[PDB]
$ cat target-v9.cif   # mmCIF, N, CA, C and O atoms
data_entry
#
loop_
_atom_site.label_atom_id
_atom_site.label_comp_id
_atom_site.auth_asym_id
_atom_site.auth_seq_id
_atom_site.Cartn_x
_atom_site.Cartn_y
_atom_site.Cartn_z
N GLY A 1 97.15 86.84 105.44
CA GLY A 1 96.06 87.78 105.70
C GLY A 1 96.41 88.68 106.87
O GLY A 1 97.30 88.33 107.67
N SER A 2 95.77 89.84 106.97
CA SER A 2 95.97 90.78 108.10
C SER A 2 94.86 90.56 109.15
O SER A 2 94.03 89.66 108.96
N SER A 3 94.84 91.35 110.22
CA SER A 3 93.91 91.15 111.36
C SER A 3 92.48 91.57 110.99
O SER A 3 91.54 91.04 111.62
N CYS A 4 92.33 92.50 110.05
CA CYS A 4 91.06 92.75 109.33
C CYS A 4 91.38 92.99 107.85
O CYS A 4 92.50 93.42 107.51
N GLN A 5 90.41 92.74 106.98
CA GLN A 5 90.49 93.03 105.53
C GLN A 5 90.25 94.52 105.30
O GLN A 5 89.17 95.02 105.56
N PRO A 6 91.25 95.30 104.83
CA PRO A 6 91.06 96.73 104.64
C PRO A 6 89.81 97.06 103.81
O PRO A 6 89.57 96.41 102.81
N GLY A 7 89.04 98.05 104.28
CA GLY A 7 87.87 98.61 103.59
C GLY A 7 86.58 97.89 103.94
O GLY A 7 85.53 98.43 103.60
N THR A 8 86.64 96.75 104.62
CA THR A 8 85.44 96.02 105.08
C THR A 8 84.77 96.76 106.23
O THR A 8 85.45 97.49 107.00
N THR A 9 83.45 96.55 106.34
CA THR A 9 82.57 97.18 107.33
C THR A 9 81.76 96.06 107.99
O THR A 9 81.43 95.07 107.33
N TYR A 10 81.55 96.19 109.29
CA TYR A 10 80.92 95.14 110.12
C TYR A 10 80.53 95.73 111.45
O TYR A 10 80.79 96.92 111.68
N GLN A 11 79.92 94.93 112.31
CA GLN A 11 79.57 95.36 113.68
C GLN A 11 80.44 94.62 114.70
O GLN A 11 80.70 93.39 114.53
N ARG A 12 80.82 95.35 115.73
CA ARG A 12 81.37 94.82 117.00
C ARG A 12 80.28 95.06 118.04
O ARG A 12 80.12 96.22 118.47
N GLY A 13 79.47 94.04 118.30
CA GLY A 13 78.30 94.21 119.17
C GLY A 13 77.42 95.28 118.58
O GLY A 13 77.10 95.16 117.39
N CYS A 14 77.08 96.32 119.33
CA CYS A 14 76.13 97.36 118.86
C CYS A 14 76.85 98.46 118.08
O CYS A 14 76.16 99.38 117.56
N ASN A 15 78.19 98.43 118.05
CA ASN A 15 79.02 99.45 117.36
C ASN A 15 79.29 99.03 115.91
O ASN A 15 79.36 97.79 115.61
N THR A 16 79.40 100.02 115.02
CA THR A 16 79.74 99.82 113.61
C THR A 16 81.22 100.15 113.45
O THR A 16 81.66 101.16 114.05
N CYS A 17 81.93 99.34 112.67
CA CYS A 17 83.40 99.44 112.49
C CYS A 17 83.77 99.35 111.02
O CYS A 17 83.05 98.67 110.23
N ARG A 18 84.89 99.99 110.69
CA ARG A 18 85.51 99.90 109.36
C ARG A 18 86.98 99.54 109.53
O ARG A 18 87.65 100.19 110.35
N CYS A 19 87.46 98.55 108.78
CA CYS A 19 88.87 98.11 108.76
C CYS A 19 89.68 99.11 107.94
O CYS A 19 89.34 99.33 106.76
N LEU A 20 90.74 99.67 108.52
CA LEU A 20 91.53 100.75 107.89
C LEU A 20 92.56 100.10 106.97
O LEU A 20 92.64 98.86 106.91
N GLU A 21 93.27 100.93 106.21
CA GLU A 21 94.06 100.48 105.03
C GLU A 21 95.21 99.55 105.46
O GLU A 21 95.70 98.84 104.61
N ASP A 22 95.65 99.57 106.73
CA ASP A 22 96.79 98.75 107.20
C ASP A 22 96.30 97.34 107.59
O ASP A 22 97.14 96.52 107.83
N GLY A 23 94.99 97.09 107.69
CA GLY A 23 94.45 95.77 108.07
C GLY A 23 94.83 95.36 109.49
O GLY A 23 94.66 94.15 109.83
N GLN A 24 95.27 96.31 110.32
CA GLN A 24 95.64 96.08 111.74
C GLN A 24 95.02 97.17 112.64
O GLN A 24 95.41 97.27 113.80
N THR A 25 94.06 97.92 112.12
CA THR A 25 93.42 99.07 112.83
C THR A 25 91.97 99.13 112.38
O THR A 25 91.74 98.80 111.21
N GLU A 26 91.03 99.53 113.25
CA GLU A 26 89.62 99.68 112.82
C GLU A 26 89.05 100.94 113.48
O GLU A 26 89.48 101.29 114.59
N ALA A 27 88.19 101.63 112.75
CA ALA A 27 87.43 102.81 113.19
C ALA A 27 86.03 102.36 113.59
O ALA A 27 85.31 101.83 112.72
N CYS A 28 85.67 102.50 114.86
CA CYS A 28 84.36 102.10 115.41
C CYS A 28 83.67 103.31 116.04
O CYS A 28 84.35 104.23 116.58
N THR A 29 82.33 103.26 116.06
CA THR A 29 81.50 104.13 116.93
C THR A 29 81.77 103.82 118.41
O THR A 29 82.42 102.79 118.73
N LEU A 30 81.22 104.67 119.27
CA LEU A 30 81.60 104.81 120.68
C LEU A 30 80.39 104.49 121.59
O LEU A 30 80.39 104.94 122.73
N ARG A 31 79.39 103.77 121.09
CA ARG A 31 78.21 103.42 121.94
C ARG A 31 78.65 102.49 123.09
O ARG A 31 79.54 101.63 122.89
N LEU A 32 78.03 102.65 124.26
CA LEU A 32 78.22 101.80 125.46
C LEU A 32 77.66 100.39 125.25
O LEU A 32 78.15 99.47 125.92
N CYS A 33 76.63 100.22 124.40
CA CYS A 33 75.91 98.93 124.20
C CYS A 33 75.40 98.42 125.58
O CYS A 33 75.42 97.23 125.99
#
$ encode --input "target-v9.cif" --output "structure tokens"
Amino acid sequence: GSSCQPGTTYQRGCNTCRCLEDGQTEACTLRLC
């Protein structure tokens, strides 16, 4: 398995994240929480 499952969506605390196609990178929002 990779560090995230590509295409999955979840939260990191108050931020929303998406696992990118390489399963080793994620796109998150920029809230301070």
$ residues_near_point --input "target-v9.cif" --point "(88.5, 96.7, 112.4)" --cutoff "7 Å" --atoms "all atoms listed in the file" --output "PDB file with N, CA, C and O atoms, in the coordinates of the input"
ATOM      1  N   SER A   3      94.840  91.350 110.220  1.00  0.00           N
ATOM      2  CA  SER A   3      93.910  91.150 111.360  1.00  0.00           C
ATOM      3  C   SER A   3      92.480  91.570 110.990  1.00  0.00           C
ATOM      4  O   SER A   3      91.540  91.040 111.620  1.00  0.00           O
ATOM      5  N   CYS A   4      92.330  92.500 110.050  1.00  0.00           N
ATOM      6  CA  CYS A   4      91.060  92.750 109.330  1.00  0.00           C
ATOM      7  C   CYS A   4      91.380  92.990 107.850  1.00  0.00           C
ATOM      8  O   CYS A   4      92.500  93.420 107.510  1.00  0.00           O
ATOM      9  N   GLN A   5      90.410  92.740 106.980  1.00  0.00           N
ATOM     10  CA  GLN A   5      90.490  93.030 105.530  1.00  0.00           C
ATOM     11  C   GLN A   5      90.250  94.520 105.300  1.00  0.00           C
ATOM     12  O   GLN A   5      89.170  95.020 105.560  1.00  0.00           O
ATOM     13  N   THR A   8      86.640  96.750 104.620  1.00  0.00           N
ATOM     14  CA  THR A   8      85.440  96.020 105.080  1.00  0.00           C
ATOM     15  C   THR A   8      84.770  96.760 106.230  1.00  0.00           C
ATOM     16  O   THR A   8      85.450  97.490 107.000  1.00  0.00           O
ATOM     17  N   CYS A  17      81.930  99.340 112.670  1.00  0.00           N
ATOM     18  CA  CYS A  17      83.400  99.440 112.490  1.00  0.00           C
ATOM     19  C   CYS A  17      83.770  99.350 111.020  1.00  0.00           C
ATOM     20  O   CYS A  17      83.050  98.670 110.230  1.00  0.00           O
ATOM     21  N   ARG A  18      84.890  99.990 110.690  1.00  0.00           N
ATOM     22  CA  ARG A  18      85.510  99.900 109.360  1.00  0.00           C
ATOM     23  C   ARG A  18      86.980  99.540 109.530  1.00  0.00           C
ATOM     24  O   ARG A  18      87.650 100.190 110.350  1.00  0.00           O
ATOM     25  N   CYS A  19      87.460  98.550 108.780  1.00  0.00           N
ATOM     26  CA  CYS A  19      88.870  98.110 108.760  1.00  0.00           C
ATOM     27  C   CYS A  19      89.680  99.110 107.940  1.00  0.00           C
ATOM     28  O   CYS A  19      89.340  99.330 106.760  1.00  0.00           O
ATOM     29  N   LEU A  20      90.740  99.670 108.520  1.00  0.00           N
ATOM     30  CA  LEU A  20      91.530 100.750 107.890  1.00  0.00           C
ATOM     31  C   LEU A  20      92.560 100.100 106.970  1.00  0.00           C
ATOM     32  O   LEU A  20      92.640  98.860 106.910  1.00  0.00           O
ATOM     33  N   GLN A  24      95.270  96.310 110.320  1.00  0.00           N
ATOM     34  CA  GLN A  24      95.640  96.080 111.740  1.00  0.00           C
ATOM     35  C   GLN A  24      95.020  97.170 112.640  1.00  0.00           C
ATOM     36  O   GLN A  24      95.410  97.270 113.800  1.00  0.00           O
ATOM     37  N   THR A  25      94.060  97.920 112.120  1.00  0.00           N
ATOM     38  CA  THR A  25      93.420  99.070 112.830  1.00  0.00           C
ATOM     39  C   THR A  25      91.970  99.130 112.380  1.00  0.00           C
ATOM     40  O   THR A  25      91.740  98.800 111.210  1.00  0.00           O
ATOM     41  N   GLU A  26      91.030  99.530 113.250  1.00  0.00           N
ATOM     42  CA  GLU A  26      89.620  99.680 112.820  1.00  0.00           C
ATOM     43  C   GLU A  26      89.050 100.940 113.480  1.00  0.00           C
ATOM     44  O   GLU A  26      89.480 101.290 114.590  1.00  0.00           O
ATOM     45  N   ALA A  27      88.190 101.630 112.750  1.00  0.00           N
ATOM     46  CA  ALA A  27      87.430 102.810 113.190  1.00  0.00           C
ATOM     47  C   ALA A  27      86.030 102.360 113.590  1.00  0.00           C
ATOM     48  O   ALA A  27      85.310 101.830 112.720  1.00  0.00           O
ATOM     49  N   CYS A  28      85.670 102.500 114.860  1.00  0.00           N
ATOM     50  CA  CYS A  28      84.360 102.100 115.410  1.00  0.00           C
ATOM     51  C   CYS A  28      83.670 103.310 116.040  1.00  0.00           C
ATOM     52  O   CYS A  28      84.350 104.230 116.580  1.00  0.00           O
TER      53      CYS A  28
END
$ axis_aligned_box --input "target-v9.cif" --around "segment 2-6 of chain A" --padding-each-side "6 Å" --output "AutoDock Vina command-line options"
--center_x 92.6 --center_y 93.4 --center_z 107.2 --size_x 18.8 --size_y 19.4 --size_z 20.8
$ atom_distance --input "target-v9.cif" --atom1 "atom CA of residue 15 of chain A" --atom2 "atom O of residue 32 of chain A"
8.6 Å
$ atom_distance --input "target-v9.cif" --atom1 "atom CA of residue 14 of chain A" --atom2 "atom C of residue 30 of chain A"
8.7 Å
$ atom_distance --input "target-v9.cif" --atom1 "atom N of residue 9 of chain A" --atom2 "atom CA of residue 31 of chain A"
17.8 Å
$ select_by_dssp --input "target-v9.cif" --residues "chain A" --states "strand (DSSP E or B)" --output "PyMOL selection string"
chain A and resi 9-12+15-19+26-28
$ decode --input "target-v9.cif" --residues "chain A" --atoms "N, CA and C atoms" --output "short mmCIF file (atom, residue, chain, number, x, y, z; two decimals), in the first residue's frame"
data_model
loop_
_atom_site.label_atom_id
_atom_site.label_comp_id
_atom_site.auth_asym_id
_atom_site.auth_seq_id
_atom_site.Cartn_x
_atom_site.Cartn_y
_atom_site.Cartn_z
N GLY A 1 0.84 -1.20 0.00
CA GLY A 1 0.00 0.00 0.00
C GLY A 1 0.87 1.25 0.00
N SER A 2 0.33 2.38 -0.42
CA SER A 2 1.05 3.67 -0.41
C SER A 2 0.67 4.46 0.85
N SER A 3 1.17 5.68 1.02
CA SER A 3 0.99 6.48 2.25
C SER A 3 -0.44 7.03 2.35
N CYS A 4 -1.10 7.24 1.21
CA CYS A 4 -2.57 7.41 1.14
C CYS A 4 -3.09 6.64 -0.09
N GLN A 5 -4.36 6.26 -0.05
CA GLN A 5 -5.07 5.61 -1.19
C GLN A 5 -5.46 6.68 -2.21
N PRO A 6 -4.89 6.68 -3.43
CA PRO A 6 -5.22 7.71 -4.41
C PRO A 6 -6.73 7.88 -4.62
N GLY A 7 -7.19 9.13 -4.64
CA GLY A 7 -8.58 9.53 -4.95
C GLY A 7 -9.45 9.60 -3.71
N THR A 8 -8.99 9.10 -2.57
CA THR A 8 -9.74 9.20 -1.29
C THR A 8 -9.74 10.63 -0.77
N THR A 9 -10.79 10.95 -0.01
CA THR A 9 -11.05 12.27 0.57
C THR A 9 -11.34 12.06 2.06
N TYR A 10 -10.84 12.98 2.88
CA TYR A 10 -10.89 12.85 4.35
C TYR A 10 -10.55 14.20 4.96
N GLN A 11 -10.58 14.28 6.29
CA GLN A 11 -10.18 15.50 7.01
C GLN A 11 -8.87 15.25 7.77
N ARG A 12 -8.04 16.28 7.78
CA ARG A 12 -6.88 16.44 8.69
C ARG A 12 -7.28 17.57 9.63
N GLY A 13 -7.78 17.20 10.81
CA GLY A 13 -8.33 18.19 11.74
C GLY A 13 -9.44 18.94 11.04
N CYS A 14 -9.38 20.26 10.97
CA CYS A 14 -10.48 21.08 10.40
C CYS A 14 -10.33 21.23 8.88
N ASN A 15 -9.21 20.77 8.32
CA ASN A 15 -8.91 20.88 6.87
C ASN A 15 -9.42 19.64 6.12
N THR A 16 -9.84 19.85 4.87
CA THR A 16 -10.28 18.77 3.97
C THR A 16 -9.12 18.46 3.03
N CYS A 17 -8.89 17.18 2.77
CA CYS A 17 -7.74 16.69 1.97
C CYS A 17 -8.20 15.66 0.95
N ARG A 18 -7.44 15.60 -0.14
CA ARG A 18 -7.61 14.57 -1.18
C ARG A 18 -6.25 13.93 -1.46
N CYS A 19 -6.20 12.60 -1.49
CA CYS A 19 -4.98 11.82 -1.80
C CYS A 19 -4.78 11.84 -3.32
N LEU A 20 -3.59 12.26 -3.77
CA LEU A 20 -3.30 12.47 -5.20
C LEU A 20 -2.88 11.12 -5.79
N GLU A 21 -2.71 11.09 -7.11
CA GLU A 21 -2.64 9.82 -7.89
C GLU A 21 -1.39 9.01 -7.49
N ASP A 22 -0.36 9.62 -6.90
CA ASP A 22 0.90 8.91 -6.55
C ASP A 22 0.75 8.23 -5.18
N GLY A 23 -0.30 8.51 -4.39
CA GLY A 23 -0.49 7.90 -3.06
C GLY A 23 0.59 8.29 -2.06
N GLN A 24 1.35 9.35 -2.35
CA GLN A 24 2.43 9.87 -1.47
C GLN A 24 2.32 11.40 -1.36
N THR A 25 1.20 11.98 -1.77
CA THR A 25 0.98 13.46 -1.81
C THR A 25 -0.50 13.70 -1.51
N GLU A 26 -0.86 14.79 -0.84
CA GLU A 26 -2.29 15.11 -0.60
C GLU A 26 -2.49 16.61 -0.77
N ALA A 27 -3.64 16.98 -1.32
CA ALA A 27 -4.11 18.37 -1.50
C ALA A 27 -5.07 18.70 -0.36
N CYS A 28 -4.71 19.65 0.50
CA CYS A 28 -5.52 20.08 1.66
C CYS A 28 -5.83 21.57 1.56
N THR A 29 -6.95 21.96 2.16
CA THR A 29 -7.24 23.38 2.49
C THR A 29 -6.23 23.92 3.51
N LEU A 30 -6.28 25.23 3.72
CA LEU A 30 -5.22 26.03 4.35
C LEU A 30 -5.76 26.68 5.64
N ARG A 31 -6.84 26.17 6.22
CA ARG A 31 -7.38 26.77 7.48
C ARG A 31 -6.36 26.59 8.62
N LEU A 32 -6.28 27.58 9.52
CA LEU A 32 -5.45 27.57 10.75
C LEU A 32 -5.97 26.56 11.78
N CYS A 33 -7.28 26.27 11.79
CA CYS A 33 -7.94 25.41 12.81
C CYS A 33 -7.63 25.97 14.22
#
